[PDB]
Amino acid sequence: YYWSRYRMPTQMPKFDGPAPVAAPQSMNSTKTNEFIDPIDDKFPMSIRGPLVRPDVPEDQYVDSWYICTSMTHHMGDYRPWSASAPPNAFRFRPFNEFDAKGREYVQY
Amino acid sequence: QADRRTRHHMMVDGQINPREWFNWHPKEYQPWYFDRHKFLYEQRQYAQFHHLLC
Amino acid sequence: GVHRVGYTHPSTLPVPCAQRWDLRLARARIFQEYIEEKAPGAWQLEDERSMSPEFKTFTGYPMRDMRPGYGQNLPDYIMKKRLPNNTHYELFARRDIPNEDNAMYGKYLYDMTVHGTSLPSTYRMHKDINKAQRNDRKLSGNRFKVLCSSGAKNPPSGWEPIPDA
Amino acid sequence: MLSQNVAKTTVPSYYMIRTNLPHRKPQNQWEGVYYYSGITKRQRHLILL
Amino acid sequence: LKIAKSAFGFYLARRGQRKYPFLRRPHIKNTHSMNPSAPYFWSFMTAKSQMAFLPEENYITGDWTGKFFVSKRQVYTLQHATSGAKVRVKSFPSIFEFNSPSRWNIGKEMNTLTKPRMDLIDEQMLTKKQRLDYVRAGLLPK
Amino acid sequence: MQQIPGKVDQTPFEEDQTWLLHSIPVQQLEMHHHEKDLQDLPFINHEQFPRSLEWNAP
Amino acid sequence: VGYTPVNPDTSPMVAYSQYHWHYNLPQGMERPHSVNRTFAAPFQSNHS
Amino acid sequence: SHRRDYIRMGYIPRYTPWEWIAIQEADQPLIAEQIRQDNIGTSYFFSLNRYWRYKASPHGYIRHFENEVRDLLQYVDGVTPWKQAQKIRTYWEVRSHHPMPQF
Amino acid sequence: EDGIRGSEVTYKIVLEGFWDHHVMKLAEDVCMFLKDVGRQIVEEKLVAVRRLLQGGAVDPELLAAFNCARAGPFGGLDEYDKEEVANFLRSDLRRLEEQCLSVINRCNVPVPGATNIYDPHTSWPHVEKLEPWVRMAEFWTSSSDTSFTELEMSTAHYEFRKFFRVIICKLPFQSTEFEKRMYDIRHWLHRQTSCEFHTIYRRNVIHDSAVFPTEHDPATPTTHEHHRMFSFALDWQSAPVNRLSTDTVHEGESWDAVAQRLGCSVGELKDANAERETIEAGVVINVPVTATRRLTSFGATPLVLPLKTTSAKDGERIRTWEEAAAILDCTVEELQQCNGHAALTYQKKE
Amino acid sequence: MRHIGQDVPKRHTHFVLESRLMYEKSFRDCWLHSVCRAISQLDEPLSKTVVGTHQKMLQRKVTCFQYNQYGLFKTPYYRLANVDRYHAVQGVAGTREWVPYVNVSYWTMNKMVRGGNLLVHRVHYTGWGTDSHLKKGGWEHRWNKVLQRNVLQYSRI
Amino acid sequence: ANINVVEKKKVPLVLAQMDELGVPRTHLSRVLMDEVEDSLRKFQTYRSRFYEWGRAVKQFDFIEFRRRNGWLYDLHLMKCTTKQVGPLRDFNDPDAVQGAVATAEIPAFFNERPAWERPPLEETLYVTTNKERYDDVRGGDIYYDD
Amino acid sequence: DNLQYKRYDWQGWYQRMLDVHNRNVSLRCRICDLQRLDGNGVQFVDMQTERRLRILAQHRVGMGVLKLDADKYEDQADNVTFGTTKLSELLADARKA
Amino acid sequence: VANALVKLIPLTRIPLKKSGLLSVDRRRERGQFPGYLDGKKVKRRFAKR
Amino acid sequence: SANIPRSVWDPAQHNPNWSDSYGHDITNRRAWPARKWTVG
Amino acid sequence: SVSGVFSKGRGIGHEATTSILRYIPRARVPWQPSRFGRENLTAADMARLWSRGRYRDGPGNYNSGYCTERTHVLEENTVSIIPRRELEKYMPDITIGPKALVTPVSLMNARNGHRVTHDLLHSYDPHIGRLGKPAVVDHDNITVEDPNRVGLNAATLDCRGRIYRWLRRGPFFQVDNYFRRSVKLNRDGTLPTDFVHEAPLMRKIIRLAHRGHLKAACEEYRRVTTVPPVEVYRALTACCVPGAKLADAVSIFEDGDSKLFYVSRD
RNA sequence: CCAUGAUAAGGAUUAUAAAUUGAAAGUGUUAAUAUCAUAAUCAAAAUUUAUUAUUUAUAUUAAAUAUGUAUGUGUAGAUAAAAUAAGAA
Ligand SMILES: [Mg+2]
Ligand SMILES: [Mg+2]
């Protein structure tokens, strides 16, 4: 069948047991997001920092289709900022002498 | 006018109605040729022996 | 000023030289060019918006001509105008149709090559299956509606429909 | 008869209506257009003769 | 739509009072087509140039059996008056006839000779509610 | 601007009044452009192929 | 879902599913196809 | 083809393998007109005038249609009796019988 | 020009994906492919060139091409000896070796830690960015028959996007083989990605002073009136004009009289007509293509057929149509087209 | 017909097919129509060769020919109905109820975008977008830039 | 496939050069011109044919030809792949439940049980048919190898 | 097209439509390379001839490169014919200087 | 001007930064949007049913 | 020429500056220790 | 009990074949065994069906001018038709006749493949306008009624697959079909080349080429509908010789050869 | 014409830092209940509908045909919108 393609190759994980630690469970009046992680948002911005995703040159991220979130165009691999620039590049920069605009008008 | 042979019936007389285009495994529509004028063992009823012919 | 436009033929000058208007007629013969006789000399107006680097909308070319009355009606407009043939309109005409696969191939052809047979549309199949299901319990909430009625009204010589109860 | 002649459709049901399973294969980008280059037995024979 | 005055009553939604781009409203309903102007008489709702030919619709184009009404963009010609032949136009409820021929019509399109929205109202095409609403606006007496 | 020789013509007016009191009309109906009419309105901006707006003919 | 079926080329919810290739994987050709080379048809037109 | 991990264990080639490029490219024909050979010259007189079925056809703007226009005129004139085209009126000729045609 | 800035042929391949990284990685793939294939071709060409540099003869034909001038810069027919010509040839081949070497040497720069395919100094072919196609769709998310306000308040923005990379390869010569590989990359392209091929090549055109002669402006000028709308369809022929290559010799005429009338040297007129030694009256002759006085087809002066003494059919007057049509060698229907008056009055031309 | 054995759930989808044929008729009639218009309305002389009484005569001859062409498609495009190839929902083009590059109505665009069928990208509902050109001058400017790369970058011959 | 066939595709380029060079193409042996004409009919086509070569009638006719010669294996429309290839376990965990991120149809010779693990010549000593269960299968695979 | 419009009944008309969308053939030459001795020893394009060339082809010259874009016919072949013709016709007229 | 001045005379950065010259405020007109009357801030008329 | 270029398969044409696949990308994701010095 | 749309119908194919052919079982479409198609309509019913389905222009519509009813009812009001003799008194008759509906072959490309300005689209292929028999377009007889029913009617019974076929047609479909259904080699091996209506045109071309007018000759060659005789190609190339035009001689030859049946190979 | 599904609108207390002032509770068109009927735009057309920001006094109808009506002391009752590159405590 054409549909023979859409079978499950592997046995899917069963639901054996209870809701996870600090699950959203709603009592008499509760405003509940299934979406927001209960434990990792409660954790202070001072400590964890404003980052939603790893701090990496953004070319590695893609704005997802159908999901409000970004993903990495190489699954899960990450290259640090240091790998975008030349070795020991001041403020990782193609060349250390000037900022982008400085480079433009020097060139002109 | 119409009757059991002509109408759409899932079942006729307690057994699956062979007259419905949708009561057959679609594979039965796939094209085939008439055998019968060929040599006995080439025919399709002997298919289990076909790998063996001489 | 209101003046008569004027032209000095080179034979009359105290040095022959090629007059710009004459050149203009050359250019009109080469790339065949309509010379609008009634074009008012006073009406030169560049399109400020697109032709001046001072506006954010600056394309460098005169996007529109600034003539208030100008309309699709006029022979002049008709003469410089892009015909609809092979534009996007044609592309819509062909690719945007109710069952997109009927753009790529005859359904019957496909069906007969892939499946052994023509297949009804999904909708039709639904009505078919339903008739079969509900003909199995109740009978005679029905009606007999055909395209051509003669086949039922005079049935063939044989054809004795099985009585039902 | 031919054992590669094989059902491409499922048994007709409401599962074709109520589900987003596709009714045909998606086109295969890297499969070339089928075209005719080839000769008959008869033709090869004609050439040899 | 609320009331179906035609088939389309079933297919179309009003969408409240909705704005369309300039001079494209889906349905061309020319309420203004007869809108008197002495000084603009020859330029208003007529041909933009007086050297234009009369439209298609003043001519018999093919082999005809006959017509019921002529189109409303047909222009009234001295022969319309003189010949004494039926001149009909499709208006509502049914058809408007030019019965009483005048030269004052000549050279204008019948769009312009046929009042689209009459000051006359049928009380029998109106629901009791609609009649109420026409009394509020001070149209119908009551 | 080149003009046809022998034709009586006018020069662009220097005085504001000359522009203002002449018989130049205002745009009144919907407005047309011989190329741009094929892409209907600015809001319906018809595009046959999705080429970069900066695409450059070779 | 409907009487009109989805067309598997234009729908990202088919194309990018687990049964097909997601847009974040590396997009190269999967396998080559030699059809015309392996078994070739002789030309016979429908028209003479 | 020796790589047993190809899609299973997660190895996907970043560059399409030479052998595959060869197969792909060897399946389809090459168009003859892509080869671009002109050693004679340009044909000024005959080329754009060739037989109608295969003809050079003008496109887009109406200027480019000069040939066609001539033909459409010739044809039109031939088919269309003056006896009939007499009867087509201009608005001013019609309006001349209105009691106040000019102001 | 030298180095990066000059070439015989340029190909630009414009790749287009639905996602930016797709098109980026495709461009790396295709780029490395053309690097290898390019190096192979250009290396082959380079060995051919090095062999041609080492030595070779000269075509009789190439020598003939250097020696076709009526006058060279020094004001006389110039004799290039085969030596000089070989020297021109050699100089060009020198330049072609420099260019080949330049392409090859950039093919060998981009190693694994060091690869930068954006700068043209560091790689062949290189890659240029091209601004993405982005269309924004604005629409009502509501289905409401009742209120326009509620429709407007629900408005979504979504975009269609298309992303582009450009691959530039400039080559010092033209090879149909490279062109073939390049057209064929469309068969192994990445998933849901397409491409265009821009070509800019160099090609000899030929300006014929014979077909497009340079002559004085006409004795009568052309007005603005030959330029009305539809003047393009009515008042003008397509260029080039047809100038006759064949002329008939009048009775009293002689070689030099004919040459004088046609605007040639007598030598020219004899070369074009080489078959004929002598020219009798009423003989057909070939007009040397350089002639200054050649006539255009159908001069503006109408041929008139007077009725006069006609044929022996009358010896008084010409009468029937088929008669004059036999005289002028044309169809009777054409003859009737031209004359409206004589066709309406009667057919016996009363 | 007469609602016997209808294949599609909406009967009106067929109208969409009818529409296609309209555009086809226009391709068949546009050039012809427009030439007859231009030659008809021309007040200046046609040319050096055709002037005066001949021109007047030829004009009338042509518009007589154009009126005689039965079924010649003269209807302006903005007066043709836009109807969906999917659900046969209609919308006015140039309005927020019609979506131009997919050529579907708002209703279908919504349905198709939310259950993923179209591939688009969501952008903040309130601005101009990701696109540079739209960001500069809005709809009109982008409209212009499209004109510029379709036409003006060519110096025609 | 056999790669080196691509070389024949040089031929319509060489032929074009032979015309630029004034080598008459009809002095070529009858033999060679047969091989060349073949090579041509593999890769050369004109702009004419090219506009028409994708019509569905011709694609499906080619399929019909393949069907009468009983070779359907490679054709796209006409093959139904059935067998799925399971994941590889890790001793780093039995626990981790794997799931498929993507799916590709690739020839079975990439991963096939190593020749020393599987029984000796299978084609010759075993008659195998892949077929579908008739009975309703609650869970597990709908195909089995008989 | 390699994607979608590659293989079925629409491959033909889409192909043709691209080809007609692409009819334009750009013809370039530098005015530099036009200044060369002609077969007759006279310079083919001199200063005056160049001035006349520039005035005749107006916006069709830029950066000292003459560029004709031939769009007239549906097929590229015919546009190189057309373009080439216009070029020699324009040179023929400029050469009057 | 202030950013240029800082690239030119490095130490001059400290007064500048303290007087909040180098500091960038992020503010924008609201994006256009057809829901609002004026296209920006003003919601349309409301009536109780 | 040849469909698969000599440079690919011929060891005479082996490029000594090419490195294997694994090495560069392992080397790349390295984040060296940020406290290289006292004080900072 | 029985509701039909049509009372009676007829067979597409005739006695000799059918009476014997019936002993061989034919497989009908499994899901709808009985087929009543537009070939099977009676003459009357076909006429009626064919009038409808054409919006306003079409003869079905009461106000098109082709209506045969003497009376029509708008909202309970009965309107009597105005006969055409009467309509003409104020509305002049400018009617060219059927030739006005057909442009020449020369314009077929301007018009996207058509010669026919009628209201239905006209295909030059056999199948789209096929009734029982193969479709054939008369360029002399084109009427609004369209008796042979070869036009592509948008709304009739059975239309849909025809419309779909028309929208799938290849880039040269109209042109190719028009060209191959006329212009084909005779059963004797003779060329189609000699036709009575085109003869004087070929003569004129030859004549023009002998006087050495290459451009005028080529300009007439353009207007040729049918394959031109060998003599034309001879004349035309002979004309190319004295001025050395080679490109032109070659494009002439190549035009007449392997396009036009190799008239040019001589 | 009875003939189930599904996306709207609708501010009321997770705040300033390297940061968005628009929500799930469902607004015609979408997938298993059938057993009165061809109602669909390709022009030029007939106001009763809660749900809509119109130009207010120097100069005023030219191209698809495009609105003739209400000057009345900025004047009842009752209502609308906004803290966002602006300036409100
Ligand atoms: Mg609901
Ligand atoms: Mg209908």
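Its PDB header names cryo-EM as the technique used to obtain the model and reports a resolution of 7.8 Å.

Draft legend 1. Up close: the overall build of chain H. What chain H contains, in helices and strands, is four helices and zero strands. Overall, the C-alpha framework of chain H stretches about 100 × 45 × 25 Å when taken along its three principal axes. Accessible surface, chain H as shown: approximately 4,600 Å² in total, 51% of it carbon and sulfur. Across chain H, the 14 positively charged side chains and the 11 negatively charged ones have centroids separated by 8 Å.

Draft legend 2. Highlighting the protein's contact with RNA strand P. In the region of RNA strand P, 125 residues are neighbours, and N73(C), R14(E), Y134(E), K111(J) and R45(M) sit closest. Protein-adjacent atoms of RNA strand P, using a 4 Å cutoff, are sugar or phosphate at a proportion of 51%. Between RNA strand P and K129(E) there is a distance of 2.9 Å, counted from a phosphate oxygen to a side-chain nitrogen or oxygen. Take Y3(G): an N or O atom from its main chain is 3.0 Å from a phosphate oxygen of RNA strand P. Per-element accounting of the surface near RNA strand P gives the leading share, five residues, to helix α3 (residues 106-114) of chain J. Taken together, the residues of the surface near RNA strand P sort by class into 46 nonpolar, 37 polar and 42 charged.

Draft legend 3. Examining the nonpolar core more closely. Counting 107 residues, the largest nonpolar core has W52(H), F230(I), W31(J), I205(O), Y221(O), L236(O) and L260(O) as its most contacted members. Per-element tally for this core: the top contributor is helix α1 (residues 13-41) of chain J, with seven residues. In this view, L260(O) contacts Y51(H), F179(O), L191(O), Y221(O), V227(O), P228(O), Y233(O) and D255(O); residues no more than four positions away in its chain are not counted. Judged by nonpolar contacts, the second largest core, of 57 residues, contains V114(C), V6(G), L152(O) and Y164(O).

Draft legend 4. The interface of chain I and chain J, seen in detail. Counting residues at the interface gives 30 residues for chain I, matched by 42 residues for chain J. Carbon and sulfur atoms supply 62% of the area that chain I and chain J bury against each other, a total of about 3,500 Å² over both sides. Of all residues in chain I, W140(I), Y158(I) and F160(I) give up the largest surface area on contact with chain J, accounting jointly for 19% of the area buried on that side. Applying the counting criterion to the chain I and chain J interface returns two salt bridges. The partner of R96(J) in a salt bridge is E138(I), and the shortest N-O contact between them spans 2.7 Å.

Draft legend 5. Layout of the arrangement of the chains. There are 59 pairs of chains in contact here; the most contacts are made by chains I and J. Structurally, chain B and chain I remain out of contact, their C-alpha atoms never closer than 33 Å.

Draft legend 6. Highlighting a nonpolar patch on the surface. A contiguous nonpolar patch, built from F39(B), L40(B), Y41(B), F49(B) and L53(B) and spanning about 500 Å² of accessible area, is present on the exposed surface. Along the chain, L53(B) turns up in the segment after β2 (15-16).

Draft legend 7. The arrangement of the packing of aromatic side chains in detail. Evaluated as defined, the whole model comprises 82 aromatic pairs over all chains. Between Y123(C) and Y3(G), the ring centres sit 4.8 Å apart and the planes meet at 70°, which makes this aromatic pair edge-to-face. Taken as a pair, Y123(C) in helix α7 (residues 122-134) and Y3(G) in the segment before α1 (12-15) lie in two separate chains rather than in one. A relative accessible area of 17% places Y123(C) in the buried class. An angle of 85° between the planes, with centres 4.9 Å apart, marks the rings of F43(F) and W139(J) as edge-to-face. You can see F43(F) sitting in the segment after α1 (16-20) and its partner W139(J) sitting in helix α4 (residues 132-152), one on each of two chains.

Draft legend 8. Focus on the interface of chain I and chain K. Each side of the interface is counted separately: chain I has five residues, and chain K has four residues. Taken together, the two surfaces of chain I and chain K that pack against each other cover about 380 Å², and 59% of this comes from carbon and sulfur. Run the count over chain I and chain K and you get one salt bridge. Across the pair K9(K) and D184(I) runs a salt bridge whose closest N-O atoms are separated by 2.8 Å.

Draft legend 9. Region of the structure containing the side chain of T80(H). Examined against the element boundaries, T80(H) turns out to sit in the loop between α2 (66-79) and α3 (82-85). Look at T80(H) and you get buried, because its relative accessible area is 2%. One polar contact links the side chain of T80(H) to the main-chain carbonyl oxygen of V76(H), over a distance of 2.9 Å. When near neighbours in sequence (up to four residues on either side) are disregarded, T80(H) contacts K61(J), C64(J), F65(J) and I96(O).

Draft legend 10. Just the pattern of salt bridges, in detail. This model, assessed by the stated rule, comprises 107 salt bridges over all chains. In this structure, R89(H) and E93(H) form a salt bridge, with 2.7 Å as the shortest nitrogen-oxygen distance. You can call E93(H) partly exposed: its relative accessible area is 21%. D247(I) serves as the salt-bridge partner of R261(I), at 3.3 Å between the closest nitrogen and oxygen. Note that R261(I) is positioned in helix α7 (residues 255-262) and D247(I) in strand β5 (residues 246-248), a separation of 14 residues in sequence. By relative accessible area, which is 21% here, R261(I) ends up partly exposed.

Draft legend 11. A look at the side chain of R149(O). All names here are of chain O. Tracing the backbone through its elements, the reader meets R149 in the loop between β5 (121-122) and β6 (151-152). The side chain of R149 is buried and forms no salt bridge, while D146, the nearest opposite charge, is found at 5.9 Å. In terms of polar contacts, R149 uses its side chain to reach the backbone carbonyl oxygen of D146, at 2.9 Å. Ignoring any residue separated from it by four or fewer positions in sequence, one finds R149 in contact with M46, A47, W50, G129 and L131.

Draft legend 12. Just the sheet that holds strand β2 (residues 61-62) of chain L, in detail. Residues and elements named next belong to chain L. Pairing in this open sheet of three strands is antiparallel, and the strands run β1-β3-β2 from one edge to the other. Each edge of the sheet is formed by a strand with only one pairing partner; in this case those strands are β1 (25-30) and β2. When β2 meets strand β3 (residues 65-70), the two strands line up antiparallel, connected through two bridges. What sits directly across from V61, in β3, is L66. Helix α3 (residues 76-94) contacts β1 and β3 of the sheet and is inclined by roughly 140° relative to β3.

Draft legend 13. Here's a closer look at the pairing of strand β1 (residues 9-17) of chain I. All names here are of chain I. The buried fraction of β1 amounts to eight of the nine residues, a majority that puts the element mostly inside the structure. Alignment of β1 against strand β3 (residues 155-171), held across nine bridges, turns out to be antiparallel. Bridged to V9 within β3 is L171. Pairing geometry for β1 and strand β4 (residues 194-200), over seven bridges, is antiparallel. If you follow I13 over to β4, its bridge partner there is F197.

Draft legend 14. Molecular detail of the environment of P57(A). All names here are of chain A. Tracing the sequence through the fold places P57 in the loop between α2 (45-48) and β1 (61-63). A residue is classified by how much of its surface remains accessible, and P57, at 4% relative accessible area, is buried. The spatial distance from the C-alpha of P57 to the C-alpha of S82 is 9.5 Å, given a sequence separation of 25 residues.

Draft legend 15. Structural view of the environment of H27(K). Residues and elements named next belong to chain K. Relative to the assigned elements, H27 resides in the loop between α1 (11-20) and α2 (30-42). On the basis of relative accessibility, which here comes to 60%, the residue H27 falls in the exposed class. In sequence terms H27 and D145 are 118 residues apart; their C-alpha atoms lie 59 Å from each other.

Draft legend 16. Inspection of the packing of α2(H) against helix α2 (residues 53-67) of chain J at higher detail. The contact between α2(H) and α2(J) brings their axes to 9 Å, and the two run at 85°. Relative to α2(J), the element α2(H) is oriented roughly perpendicular. Across the interface between the two elements, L73(H), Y75(H), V76(H) and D77(H) from α2(H) touch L58(J), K61(J), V62(J) and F65(J) from α2(J). Here the contact of α2(H) with α2(J) is composed, by residue class, of six nonpolar, no polar and two charged.

Reading the values: rules and limits
- Residues numbered from 1 in each chain as written, not as in the entry; some residues may be left out.
- Chains lettered and ligands numbered in written order.
- Part of a larger assembly, values for the part shown.
- Heavy atoms only, no water.
- Helix = DSSP H or I, 4+ residues; strand = E, 2+ residues; numbered from the N terminus.
- Areas by Shrake-Rupley, 256 points an atom, 1.4 Å probe, with all protein chains shown as cover.
- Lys, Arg positive; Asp, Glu negative; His and termini not counted.
- Charge placed at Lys NZ, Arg CZ, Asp CG, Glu CD.
- Near = heavy atom within 4 Å.
- Polar contact = N/O pair within 3.5 Å; in protein donor to acceptor, adjacent residues only side chain to side chain.
- Nonpolar A, V, L, I, M, F, W, Y, C, P; charged D, E, K, R; others polar.
- Core = buried A, V, L, I, M, F, W, Y, C linked by side-chain atoms within 4.5 Å.
- Buried < 20%, exposed > 50% of the residue type's maximum accessible area, 1.4 Å probe, protein only.
- Contact = heavy atoms within 4.5 Å.
- Buried area = accessible area lost by both parts, 1.4 Å probe.
- Salt bridge = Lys/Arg side-chain N within 4 Å of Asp/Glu carboxyl O.
- Patch = residues over 30% accessible without salt bridge, like charges linked within 9 Å, V, L, I, M, F, W, Y side chains within 5 Å.
- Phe/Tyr/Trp six-rings, centres within 6.5 Å; stacked < 30°, edge-to-face > 60°.
- Pairing = 2+ DSSP bridges.
- Axes fitted to C-alpha atoms, helices over the stretch in contact; angles between N-to-C directions.
- Parallel < 35°, antiparallel > 145°, perpendicular 65-115°, else oblique.

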